[PDB]
Amino acid sequence: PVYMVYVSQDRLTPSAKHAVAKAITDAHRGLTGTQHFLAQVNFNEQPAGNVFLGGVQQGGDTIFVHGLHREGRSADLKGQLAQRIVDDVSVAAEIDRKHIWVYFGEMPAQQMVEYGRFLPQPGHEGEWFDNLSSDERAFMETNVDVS
Amino acid sequence: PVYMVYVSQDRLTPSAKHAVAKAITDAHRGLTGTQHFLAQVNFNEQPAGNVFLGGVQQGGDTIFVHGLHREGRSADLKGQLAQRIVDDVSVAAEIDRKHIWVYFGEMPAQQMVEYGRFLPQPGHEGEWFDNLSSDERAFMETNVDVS
Amino acid sequence: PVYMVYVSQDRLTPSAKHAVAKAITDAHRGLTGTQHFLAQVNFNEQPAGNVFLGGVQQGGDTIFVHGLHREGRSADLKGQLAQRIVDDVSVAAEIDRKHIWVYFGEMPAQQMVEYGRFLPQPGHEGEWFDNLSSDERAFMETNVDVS
């Protein structure tokens with residue numbers, strides 16, 4: 001999955017960004033089973049004042065998380081995932097949940113590429129990884145934080 | 001809804017951004033009935049020269065509006081909404097409509113979060129808001145511009 | 001189509017961006033038949049360190065291509081398109097494919113606007129263009145690079 005996270009300039013310190021990334025990544029891994037290295041958190045920063053709510057320009061305290069996943073999960077699991085991302089980012093970013101927005105977009109796996117290759121159908125990460133060469137596995141494994 | 005608006009650096013003044021946000025927000029409210037504070041306009045700015053059309057690098061006069069809505073509206077209402085956003089942004093940004101692109105993405109409400117909570121199924125904004133506490137309502141109401 | 005391309009600051013030179021745009025644009029045109037001027041490549045740049053994989057902060061060598069298309073193509077054509085974008089960007093950006101991610105989002109044509117007007121249903125670009133005035137055609141034709 002790829003989580004595009006929209007925030008204002010310097011609202012999240014390098015340290016805060018890592019926490020948020022870990023929170024998002026861990027929540028995903030926990031509720032979906034998908035492997036850590038398969039989840040991306042992309043911070044897109046803009047100047048405070050570029051976000052508008054109901055037409056009222058905001059300050060630097062808004063966070064919009066737009067998640068891109070593979071088709072396949074139930075409404076129940078997605079709801080939990082969303083809820084978990086809200087709680088976890090709230091804590092990780094030290095930001096009240098009222099300031100948090102989250103949208104989930106889904107797509108067919110056969111049209112999703114990570115690490116230059118096609119993702120497996122949900123629940124097949126197993127044989128997908130087994131067929132990979134040790135070079136590609138070693139590379140993917142460098143991208144896992146288990147704190 | 002969340003309207004991601006991609007434009008070039010300093011093509012829209014703070015003043016022009018507010019106008020556009022109001023135009024987008026008002027159009028949405030008018031054709032969907034959704035409340036003002038429930039609509040977000042997020043300006044994502046990049047240096048002129050980052051947009052390419054047919055392979056030809058552009059200047060600072062392009063605008064791409066990517067709208068994220070809840071599933072449920074008809075093709076007819078969406079078409080009108082899109083058309084309205086084109087006319088209204090054209091006027092608000094003082095930009096010829098030939099320079100305007102608009103895409104609408106839809107998602108199930110049960111996987112969309114605003115103000116830290118789940119959005120209601122279209123046409124239920126009513127009881128959703130009635131169940132909210134006065135603290136959460138007061139907060140949402142600060143984000144409404146009725147000019 | 002609109003291809004949002006997320007990269008780190010100064011990882012792609014003006015020259016490299018044009019190559020990538022051409023690669024993306026040409027691949028699209030070749031596998032879909034859609035006209036050059038109808039494809040947009042939008043570079044969204046951020047500071048290196050804003051991308052996280054599995055919770056591990058990355059450097060400036062990641063590329064995420066998020067493509068927005070019209071509903072209608074088969075899984076087979078999309079797969080080929082994706083594969084082609086990976087190979088072609090890899091070459092154009094001089095970046096190993098392991099660093100490349102690609103997602104395709106689809107939407108109904110009747111809710112997609114380019115050059116201020118509604119896109120035609122796939123395979124109708126023909127009469128769509130024939131009904132256009134010479135002013136609008138001349139404008140669109142300036143955005144085509146056939147190198």
# chains A, B, ... in the order shown; residues from 1 in each chain; ligands from 1
$ calpha_fit_and_write --fixed "chain C" --moving "chain B" --output "tab-separated table (two decimals) with N, CA and C atoms, in the first residue's frame"
chain	number	residue	atom	x	y	z
B	1	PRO	N	-5.37	10.96	-19.79
B	1	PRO	CA	-4.91	10.45	-18.48
B	1	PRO	C	-4.01	11.46	-17.80
B	2	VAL	N	-3.89	11.33	-16.48
B	2	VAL	CA	-3.02	12.19	-15.71
B	2	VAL	C	-2.11	11.26	-14.91
B	3	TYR	N	-0.80	11.41	-15.08
B	3	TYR	CA	0.16	10.61	-14.35
B	3	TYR	C	0.86	11.46	-13.30
B	4	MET	N	0.49	11.28	-12.04
B	4	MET	CA	1.11	12.01	-10.95
B	4	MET	C	2.39	11.24	-10.65
B	5	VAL	N	3.53	11.92	-10.77
B	5	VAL	CA	4.82	11.28	-10.53
B	5	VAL	C	5.50	11.91	-9.33
B	6	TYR	N	5.62	11.14	-8.26
B	6	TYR	CA	6.23	11.60	-7.01
B	6	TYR	C	7.72	11.25	-6.91
B	7	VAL	N	8.57	12.27	-6.84
B	7	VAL	CA	10.02	12.08	-6.76
B	7	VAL	C	10.64	13.06	-5.77
B	8	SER	N	11.91	12.86	-5.43
B	8	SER	CA	12.59	13.74	-4.49
B	8	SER	C	13.17	14.94	-5.22
B	9	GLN	N	13.38	16.03	-4.49
B	9	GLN	CA	13.94	17.24	-5.07
B	9	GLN	C	15.25	16.96	-5.80
B	10	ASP	N	15.41	17.60	-6.95
B	10	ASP	CA	16.59	17.43	-7.78
B	10	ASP	C	17.15	16.02	-7.93
B	11	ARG	N	16.28	15.06	-8.21
B	11	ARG	CA	16.72	13.70	-8.47
B	11	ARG	C	16.61	13.58	-9.98
B	12	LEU	N	15.69	14.36	-10.55
B	12	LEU	CA	15.48	14.39	-11.99
B	12	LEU	C	15.75	15.81	-12.47
B	13	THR	N	16.67	15.95	-13.40
B	13	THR	CA	16.99	17.26	-13.93
B	13	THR	C	15.89	17.64	-14.90
B	14	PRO	N	15.81	18.94	-15.25
B	14	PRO	CA	14.77	19.38	-16.19
B	14	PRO	C	14.77	18.42	-17.37
B	15	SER	N	15.97	18.10	-17.83
B	15	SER	CA	16.18	17.19	-18.93
B	15	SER	C	15.64	15.79	-18.62
B	16	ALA	N	15.93	15.29	-17.42
B	16	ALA	CA	15.46	13.97	-17.03
B	16	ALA	C	13.93	13.94	-16.90
B	17	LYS	N	13.34	15.04	-16.44
B	17	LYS	CA	11.89	15.10	-16.31
B	17	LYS	C	11.23	14.98	-17.68
B	18	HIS	N	11.78	15.67	-18.67
B	18	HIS	CA	11.22	15.62	-20.01
B	18	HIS	C	11.29	14.20	-20.57
B	19	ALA	N	12.42	13.53	-20.36
B	19	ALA	CA	12.58	12.16	-20.84
B	19	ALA	C	11.52	11.26	-20.24
B	20	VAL	N	11.36	11.36	-18.92
B	20	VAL	CA	10.38	10.56	-18.21
B	20	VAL	C	8.99	10.87	-18.73
B	21	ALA	N	8.66	12.16	-18.84
B	21	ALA	CA	7.36	12.53	-19.35
B	21	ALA	C	7.15	11.90	-20.72
B	22	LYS	N	8.15	12.00	-21.59
B	22	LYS	CA	8.02	11.41	-22.92
B	22	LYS	C	7.84	9.91	-22.83
B	23	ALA	N	8.64	9.25	-22.00
B	23	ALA	CA	8.52	7.82	-21.84
B	23	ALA	C	7.10	7.44	-21.39
B	24	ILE	N	6.61	8.09	-20.33
B	24	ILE	CA	5.26	7.80	-19.83
B	24	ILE	C	4.23	8.06	-20.92
B	25	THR	N	4.29	9.26	-21.50
B	25	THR	CA	3.36	9.65	-22.55
B	25	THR	C	3.39	8.70	-23.75
B	26	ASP	N	4.58	8.36	-24.24
B	26	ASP	CA	4.68	7.46	-25.39
B	26	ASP	C	4.14	6.07	-25.10
B	27	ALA	N	4.44	5.56	-23.92
B	27	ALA	CA	3.95	4.24	-23.55
B	27	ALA	C	2.43	4.25	-23.57
B	28	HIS	N	1.84	5.29	-22.97
B	28	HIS	CA	0.39	5.37	-22.93
B	28	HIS	C	-0.20	5.37	-24.34
B	29	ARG	N	0.26	6.31	-25.16
B	29	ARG	CA	-0.19	6.44	-26.54
B	29	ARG	C	-0.09	5.11	-27.30
B	30	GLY	N	1.05	4.43	-27.14
B	30	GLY	CA	1.28	3.18	-27.82
B	30	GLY	C	0.37	2.01	-27.48
B	31	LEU	N	0.04	1.86	-26.20
B	31	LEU	CA	-0.81	0.76	-25.77
B	31	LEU	C	-2.30	1.05	-25.72
B	32	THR	N	-2.68	2.33	-25.69
B	32	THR	CA	-4.09	2.72	-25.63
B	32	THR	C	-4.64	3.37	-26.89
B	33	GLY	N	-3.77	4.02	-27.66
B	33	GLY	CA	-4.22	4.68	-28.87
B	33	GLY	C	-4.62	6.12	-28.59
B	34	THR	N	-4.77	6.44	-27.31
B	34	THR	CA	-5.13	7.80	-26.92
B	34	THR	C	-4.09	8.77	-27.48
B	35	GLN	N	-4.54	9.96	-27.85
B	35	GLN	CA	-3.67	10.97	-28.44
B	35	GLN	C	-2.69	11.62	-27.45
B	36	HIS	N	-1.50	11.94	-27.93
B	36	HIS	CA	-0.46	12.55	-27.10
B	36	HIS	C	-0.90	13.70	-26.21
B	37	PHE	N	-1.58	14.69	-26.79
B	37	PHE	CA	-2.02	15.87	-26.05
B	37	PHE	C	-3.03	15.61	-24.95
B	38	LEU	N	-3.57	14.39	-24.92
B	38	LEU	CA	-4.55	14.02	-23.92
B	38	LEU	C	-3.91	13.42	-22.65
B	39	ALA	N	-2.59	13.23	-22.68
B	39	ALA	CA	-1.89	12.66	-21.53
B	39	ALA	C	-1.07	13.69	-20.77
B	40	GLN	N	-1.27	13.74	-19.45
B	40	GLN	CA	-0.54	14.67	-18.61
B	40	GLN	C	0.41	13.93	-17.67
B	41	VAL	N	1.58	14.52	-17.46
B	41	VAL	CA	2.56	13.96	-16.55
B	41	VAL	C	2.84	15.10	-15.58
B	42	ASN	N	2.46	14.90	-14.33
B	42	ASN	CA	2.61	15.93	-13.32
B	42	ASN	C	3.62	15.55	-12.27
B	43	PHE	N	4.75	16.26	-12.26
B	43	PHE	CA	5.81	15.98	-11.29
B	43	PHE	C	5.58	16.65	-9.94
B	44	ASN	N	5.39	15.85	-8.90
B	44	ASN	CA	5.23	16.41	-7.58
B	44	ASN	C	6.49	16.06	-6.79
B	45	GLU	N	7.30	17.08	-6.54
B	45	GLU	CA	8.57	16.93	-5.84
B	45	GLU	C	8.50	17.28	-4.35
B	46	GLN	N	9.24	16.52	-3.56
B	46	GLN	CA	9.33	16.71	-2.12
B	46	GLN	C	10.78	16.49	-1.70
B	47	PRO	N	11.17	16.96	-0.50
B	47	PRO	CA	12.54	16.79	0.00
B	47	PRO	C	12.84	15.31	0.21
B	48	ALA	N	14.09	14.91	-0.02
B	48	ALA	CA	14.45	13.53	0.20
B	48	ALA	C	14.28	13.32	1.70
B	49	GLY	N	13.71	12.19	2.08
B	49	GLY	CA	13.49	11.90	3.49
B	49	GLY	C	12.02	11.87	3.84
B	50	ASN	N	11.18	12.22	2.87
B	50	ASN	CA	9.74	12.23	3.09
B	50	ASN	C	9.07	10.93	2.72
B	51	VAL	N	9.83	10.02	2.13
B	51	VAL	CA	9.29	8.73	1.75
B	51	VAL	C	9.73	7.67	2.75
B	52	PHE	N	8.79	6.84	3.18
B	52	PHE	CA	9.11	5.78	4.13
B	52	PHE	C	8.65	4.43	3.63
B	53	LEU	N	9.54	3.45	3.73
B	53	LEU	CA	9.22	2.10	3.31
B	53	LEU	C	9.35	1.18	4.52
B	54	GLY	N	8.26	0.50	4.86
B	54	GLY	CA	8.28	-0.38	6.01
B	54	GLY	C	8.68	0.36	7.27
B	55	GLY	N	8.61	1.69	7.24
B	55	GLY	CA	8.96	2.47	8.40
B	55	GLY	C	10.38	3.01	8.36
B	56	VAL	N	11.15	2.59	7.36
B	56	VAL	CA	12.53	3.03	7.21
B	56	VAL	C	12.56	4.24	6.28
B	57	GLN	N	13.05	5.38	6.76
B	57	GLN	CA	13.07	6.55	5.88
B	57	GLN	C	14.02	6.33	4.72
B	58	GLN	N	13.58	6.73	3.53
B	58	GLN	CA	14.34	6.57	2.30
B	58	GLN	C	15.18	7.79	1.95
B	59	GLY	N	15.88	7.66	0.83
B	59	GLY	CA	16.71	8.74	0.31
B	59	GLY	C	16.01	9.28	-0.93
B	60	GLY	N	16.76	9.94	-1.82
B	60	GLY	CA	16.14	10.51	-3.00
B	60	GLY	C	15.96	9.61	-4.21
B	61	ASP	N	16.04	8.29	-4.03
B	61	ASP	CA	15.90	7.39	-5.17
B	61	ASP	C	14.60	6.63	-5.36
B	62	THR	N	13.49	7.14	-4.85
B	62	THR	CA	12.23	6.43	-5.04
B	62	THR	C	11.32	7.16	-6.02
B	63	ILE	N	10.54	6.40	-6.77
B	63	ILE	CA	9.62	6.98	-7.73
B	63	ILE	C	8.30	6.24	-7.60
B	64	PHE	N	7.23	7.01	-7.43
B	64	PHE	CA	5.90	6.44	-7.35
B	64	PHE	C	5.10	7.09	-8.46
B	65	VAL	N	4.56	6.27	-9.34
B	65	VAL	CA	3.75	6.77	-10.43
B	65	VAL	C	2.29	6.38	-10.15
B	66	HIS	N	1.43	7.39	-10.02
B	66	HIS	CA	0.02	7.12	-9.78
B	66	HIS	C	-0.73	7.56	-11.03
B	67	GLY	N	-1.24	6.60	-11.79
B	67	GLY	CA	-1.95	6.92	-13.01
B	67	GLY	C	-3.46	6.95	-12.90
B	68	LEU	N	-4.07	8.00	-13.44
B	68	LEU	CA	-5.52	8.17	-13.44
B	68	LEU	C	-6.06	8.03	-14.87
B	69	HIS	N	-6.77	6.93	-15.14
B	69	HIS	CA	-7.31	6.63	-16.47
B	69	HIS	C	-8.84	6.55	-16.51
B	70	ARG	N	-9.35	6.36	-17.72
B	70	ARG	CA	-10.78	6.19	-17.96
B	70	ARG	C	-11.08	4.69	-17.81
B	71	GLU	N	-12.27	4.35	-17.31
B	71	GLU	CA	-12.65	2.94	-17.17
B	71	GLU	C	-12.74	2.33	-18.56
B	72	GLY	N	-12.49	1.04	-18.68
B	72	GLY	CA	-12.62	0.43	-19.98
B	72	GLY	C	-11.58	-0.54	-20.50
B	73	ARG	N	-10.33	-0.44	-20.05
B	73	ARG	CA	-9.32	-1.37	-20.56
B	73	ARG	C	-9.36	-2.68	-19.82
B	74	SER	N	-8.82	-3.71	-20.48
B	74	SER	CA	-8.77	-5.04	-19.91
B	74	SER	C	-7.60	-5.18	-18.94
B	75	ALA	N	-7.62	-6.24	-18.15
B	75	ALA	CA	-6.55	-6.47	-17.20
B	75	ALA	C	-5.26	-6.68	-17.97
B	76	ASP	N	-5.37	-7.32	-19.13
B	76	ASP	CA	-4.22	-7.59	-19.97
B	76	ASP	C	-3.52	-6.32	-20.47
B	77	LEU	N	-4.30	-5.40	-21.00
B	77	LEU	CA	-3.73	-4.16	-21.51
B	77	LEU	C	-3.15	-3.32	-20.37
B	78	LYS	N	-3.83	-3.29	-19.23
B	78	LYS	CA	-3.33	-2.51	-18.12
B	78	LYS	C	-2.02	-3.08	-17.61
B	79	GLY	N	-1.95	-4.40	-17.52
B	79	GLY	CA	-0.73	-5.03	-17.06
B	79	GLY	C	0.43	-4.65	-17.96
B	80	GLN	N	0.22	-4.72	-19.27
B	80	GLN	CA	1.26	-4.37	-20.22
B	80	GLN	C	1.66	-2.92	-20.08
B	81	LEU	N	0.67	-2.05	-19.92
B	81	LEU	CA	0.91	-0.62	-19.77
B	81	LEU	C	1.79	-0.38	-18.54
B	82	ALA	N	1.41	-1.00	-17.42
B	82	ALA	CA	2.17	-0.85	-16.19
B	82	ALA	C	3.59	-1.32	-16.40
B	83	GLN	N	3.74	-2.53	-16.93
B	83	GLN	CA	5.06	-3.09	-17.16
B	83	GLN	C	5.89	-2.15	-18.03
B	84	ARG	N	5.28	-1.62	-19.09
B	84	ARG	CA	5.96	-0.71	-20.01
B	84	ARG	C	6.41	0.57	-19.31
B	85	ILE	N	5.57	1.09	-18.41
B	85	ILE	CA	5.92	2.31	-17.70
B	85	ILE	C	7.12	2.08	-16.79
B	86	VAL	N	7.20	0.88	-16.21
B	86	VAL	CA	8.32	0.54	-15.33
B	86	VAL	C	9.62	0.51	-16.11
B	87	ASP	N	9.62	-0.22	-17.23
B	87	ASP	CA	10.82	-0.33	-18.07
B	87	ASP	C	11.25	1.02	-18.61
B	88	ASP	N	10.30	1.74	-19.18
B	88	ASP	CA	10.58	3.02	-19.79
B	88	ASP	C	11.02	4.11	-18.83
B	89	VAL	N	10.43	4.18	-17.64
B	89	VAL	CA	10.86	5.19	-16.66
B	89	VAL	C	12.23	4.80	-16.12
B	90	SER	N	12.42	3.50	-15.92
B	90	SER	CA	13.69	2.99	-15.43
B	90	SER	C	14.82	3.50	-16.33
B	91	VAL	N	14.62	3.38	-17.64
B	91	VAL	CA	15.61	3.84	-18.59
B	91	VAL	C	15.68	5.36	-18.62
B	92	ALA	N	14.53	6.01	-18.75
B	92	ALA	CA	14.51	7.47	-18.83
B	92	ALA	C	15.06	8.19	-17.60
B	93	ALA	N	14.82	7.65	-16.41
B	93	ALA	CA	15.29	8.27	-15.19
B	93	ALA	C	16.62	7.70	-14.72
B	94	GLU	N	17.09	6.65	-15.38
B	94	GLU	CA	18.34	5.99	-14.99
B	94	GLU	C	18.19	5.62	-13.52
B	95	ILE	N	17.19	4.78	-13.26
B	95	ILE	CA	16.89	4.36	-11.92
B	95	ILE	C	16.51	2.88	-12.01
B	96	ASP	N	17.08	2.06	-11.13
B	96	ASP	CA	16.81	0.63	-11.11
B	96	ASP	C	15.32	0.39	-10.87
B	97	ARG	N	14.74	-0.58	-11.56
B	97	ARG	CA	13.32	-0.83	-11.38
B	97	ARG	C	12.87	-1.19	-9.97
B	98	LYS	N	13.78	-1.66	-9.12
B	98	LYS	CA	13.39	-2.01	-7.76
B	98	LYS	C	12.91	-0.75	-7.03
B	99	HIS	N	13.36	0.41	-7.49
B	99	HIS	CA	12.96	1.68	-6.89
B	99	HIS	C	11.65	2.22	-7.45
B	100	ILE	N	10.99	1.47	-8.32
B	100	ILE	CA	9.78	1.98	-8.96
B	100	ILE	C	8.44	1.37	-8.58
B	101	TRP	N	7.51	2.23	-8.16
B	101	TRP	CA	6.16	1.80	-7.77
B	101	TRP	C	5.14	2.43	-8.73
B	102	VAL	N	4.11	1.67	-9.08
B	102	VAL	CA	3.09	2.17	-9.99
B	102	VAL	C	1.68	1.71	-9.64
B	103	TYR	N	0.76	2.66	-9.54
B	103	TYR	CA	-0.64	2.36	-9.25
B	103	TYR	C	-1.53	3.00	-10.30
B	104	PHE	N	-2.56	2.28	-10.73
B	104	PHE	CA	-3.51	2.78	-11.73
B	104	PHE	C	-4.90	2.93	-11.14
B	105	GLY	N	-5.46	4.14	-11.21
B	105	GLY	CA	-6.80	4.35	-10.71
B	105	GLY	C	-7.67	4.60	-11.93
B	106	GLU	N	-8.88	4.06	-11.94
B	106	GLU	CA	-9.79	4.24	-13.07
B	106	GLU	C	-11.04	5.01	-12.67
B	107	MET	N	-11.64	5.72	-13.63
B	107	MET	CA	-12.86	6.48	-13.37
B	107	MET	C	-13.69	6.51	-14.64
B	108	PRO	N	-15.00	6.79	-14.51
B	108	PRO	CA	-15.87	6.85	-15.68
B	108	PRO	C	-15.51	8.10	-16.48
B	109	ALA	N	-15.50	7.97	-17.80
B	109	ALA	CA	-15.16	9.10	-18.65
B	109	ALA	C	-16.09	10.30	-18.44
B	110	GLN	N	-17.39	10.06	-18.28
B	110	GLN	CA	-18.33	11.16	-18.10
B	110	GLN	C	-18.10	12.02	-16.86
B	111	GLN	N	-17.03	11.73	-16.12
B	111	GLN	CA	-16.71	12.54	-14.95
B	111	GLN	C	-15.23	12.91	-14.97
B	112	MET	N	-14.69	13.00	-16.18
B	112	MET	CA	-13.29	13.37	-16.40
B	112	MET	C	-13.22	14.51	-17.40
B	113	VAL	N	-12.56	15.59	-17.00
B	113	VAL	CA	-12.43	16.76	-17.84
B	113	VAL	C	-10.97	17.12	-18.15
B	114	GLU	N	-10.70	17.34	-19.44
B	114	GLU	CA	-9.37	17.75	-19.91
B	114	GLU	C	-9.60	18.91	-20.88
B	115	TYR	N	-8.75	19.93	-20.80
B	115	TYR	CA	-8.91	21.09	-21.68
B	115	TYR	C	-10.29	21.69	-21.49
B	116	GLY	N	-10.80	21.63	-20.26
B	116	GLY	CA	-12.10	22.20	-19.96
B	116	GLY	C	-13.32	21.49	-20.51
B	117	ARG	N	-13.16	20.31	-21.07
B	117	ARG	CA	-14.32	19.60	-21.59
B	117	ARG	C	-14.31	18.12	-21.25
B	118	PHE	N	-15.47	17.48	-21.38
B	118	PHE	CA	-15.56	16.06	-21.08
B	118	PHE	C	-14.87	15.18	-22.10
B	119	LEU	N	-14.17	14.19	-21.58
B	119	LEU	CA	-13.45	13.22	-22.38
B	119	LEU	C	-14.48	12.31	-23.05
B	120	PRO	N	-14.12	11.71	-24.19
B	120	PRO	CA	-15.04	10.82	-24.89
B	120	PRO	C	-14.90	9.39	-24.36
B	121	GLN	N	-15.89	8.54	-24.63
B	121	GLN	CA	-15.81	7.15	-24.18
B	121	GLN	C	-14.66	6.54	-24.97
B	122	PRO	N	-13.85	5.67	-24.34
B	122	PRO	CA	-12.72	5.06	-25.05
B	122	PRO	C	-13.06	4.59	-26.47
B	123	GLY	N	-12.21	4.98	-27.42
B	123	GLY	CA	-12.41	4.62	-28.82
B	123	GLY	C	-13.38	5.52	-29.54
B	124	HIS	N	-13.49	6.76	-29.09
B	124	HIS	CA	-14.39	7.73	-29.71
B	124	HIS	C	-13.66	9.05	-29.81
B	125	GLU	N	-12.37	9.01	-29.48
B	125	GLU	CA	-11.53	10.20	-29.54
B	125	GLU	C	-11.74	10.84	-30.90
B	126	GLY	N	-11.94	9.99	-31.92
B	126	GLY	CA	-12.16	10.38	-33.31
B	126	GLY	C	-13.25	11.40	-33.55
B	127	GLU	N	-14.50	11.08	-33.27
B	127	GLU	CA	-15.56	12.02	-33.55
B	127	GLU	C	-15.55	13.17	-32.54
B	128	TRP	N	-14.96	12.92	-31.37
B	128	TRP	CA	-14.86	13.92	-30.34
B	128	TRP	C	-14.04	15.08	-30.90
B	129	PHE	N	-12.89	14.74	-31.47
B	129	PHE	CA	-11.96	15.70	-32.06
B	129	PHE	C	-12.52	16.37	-33.31
B	130	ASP	N	-13.31	15.62	-34.08
B	130	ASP	CA	-13.90	16.14	-35.30
B	130	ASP	C	-14.93	17.22	-35.00
B	131	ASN	N	-15.62	17.11	-33.86
B	131	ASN	CA	-16.63	18.09	-33.50
B	131	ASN	C	-16.04	19.36	-32.90
B	132	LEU	N	-14.76	19.30	-32.52
B	132	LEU	CA	-14.08	20.45	-31.94
B	132	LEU	C	-13.83	21.57	-32.94
B	133	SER	N	-13.78	22.80	-32.44
B	133	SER	CA	-13.52	23.93	-33.32
B	133	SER	C	-12.02	23.96	-33.59
B	134	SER	N	-11.60	24.66	-34.64
B	134	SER	CA	-10.18	24.74	-34.98
B	134	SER	C	-9.36	25.46	-33.92
B	135	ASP	N	-10.00	26.33	-33.14
B	135	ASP	CA	-9.26	27.02	-32.09
B	135	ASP	C	-8.89	26.01	-31.01
B	136	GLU	N	-9.86	25.20	-30.59
B	136	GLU	CA	-9.58	24.21	-29.56
B	136	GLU	C	-8.66	23.10	-30.06
B	137	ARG	N	-8.71	22.80	-31.36
B	137	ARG	CA	-7.85	21.75	-31.91
B	137	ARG	C	-6.42	22.28	-32.01
B	138	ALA	N	-6.28	23.50	-32.51
B	138	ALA	CA	-4.96	24.11	-32.64
B	138	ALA	C	-4.29	24.17	-31.28
B	139	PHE	N	-5.07	24.48	-30.24
B	139	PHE	CA	-4.51	24.57	-28.90
B	139	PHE	C	-4.00	23.22	-28.41
B	140	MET	N	-4.82	22.19	-28.59
B	140	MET	CA	-4.43	20.87	-28.15
B	140	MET	C	-3.20	20.36	-28.89
B	141	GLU	N	-3.12	20.65	-30.18
B	141	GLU	CA	-2.00	20.19	-31.00
B	141	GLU	C	-0.65	20.79	-30.65
B	142	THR	N	-0.64	21.88	-29.89
B	142	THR	CA	0.64	22.47	-29.52
B	142	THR	C	1.30	21.57	-28.48
B	143	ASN	N	0.49	20.73	-27.84
B	143	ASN	CA	1.00	19.83	-26.82
B	143	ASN	C	1.23	18.42	-27.31
B	144	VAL	N	2.15	18.28	-28.26
B	144	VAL	CA	2.51	16.97	-28.77
B	144	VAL	C	3.99	17.00	-29.14
B	145	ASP	N	4.71	16.02	-28.59
B	145	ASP	CA	6.14	15.86	-28.79
B	145	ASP	C	6.29	14.48	-29.43
B	146	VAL	N	6.79	14.45	-30.66
B	146	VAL	CA	6.94	13.18	-31.37
B	146	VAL	C	8.35	12.69	-31.57
B	147	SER	N	9.25	13.05	-30.66
B	147	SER	CA	10.62	12.58	-30.76
B	147	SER	C	10.68	11.13	-30.26
$ select_by_dssp --residues "chain A" --states "strand (DSSP E)" --output "PyMOL selection string"
chain A and resi 2-8+40-46+51-53+56-57+63-70+100-107+112-114+117-118
